[PDB]
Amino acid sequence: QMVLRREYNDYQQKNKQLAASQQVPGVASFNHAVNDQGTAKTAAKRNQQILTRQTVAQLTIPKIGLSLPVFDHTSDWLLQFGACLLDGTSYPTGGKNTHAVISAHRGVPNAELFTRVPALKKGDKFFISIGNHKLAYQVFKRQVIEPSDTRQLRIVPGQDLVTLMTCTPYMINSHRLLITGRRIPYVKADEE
């Protein structure tokens, strides 16, 4: 109630700061996790207290049967358990001049994660639960970028966007697939 209030308004204030600054989206951290994952020989140990403390939202995608925690920052450890907001991009709170880049592995041995995200098409919906709020997004854009390209990961002025980012091609991962949704109203019909 007042915790999902206080938390949410800190996210919005950080989003306003980010929107007022020259952002360089932290692709380098995500890219380092992709490279470390390619050569990794060991699985991650769960620490649930840390995972809960790091959880800023739940991402739900009904078309692919996906529900994942969304974490506050980027580490190969967090990416074993969910998706990470790319450092230098918006908290997914909604509002104009927000662009949350939610990034995950296209599968790790332990967990499907964003394995089925590349099957998403224009018109497909996804949902964000964050503090005292449910947000609806509709997919309108699919693009492949170079892993170093940050242009498409910046805040688009006057737009309310969430991009789902993973790797492509499958089992090569030289590139990033961006699936971008735009805010739409959340309605009674979306709960059920």
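We number the residues from 1 along the sequence you see.
Higher mean CA temperature factor, per the PDB entry, when comparing 62 to 70 with 150 to 158: 150 to 158. Comparing the deposited coordinates for 104 to 112 and 77 to 85, the stretch with the larger average C-alpha B-factor is 104 to 112.
The entry lists a Cα temperature factor for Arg46 that places it in the middle third of the chain's modelled residues. Per-chain ranking of the deposited C-alpha B factor places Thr52 in the middle third.
Among the modelled residues of its chain, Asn132 has a C-alpha B-factor that falls in the highest third, as given in the PDB entry.
Per the deposited record, the Cα B-factor of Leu177 falls in the lowest third when ranked against the other modelled residues of its chain.
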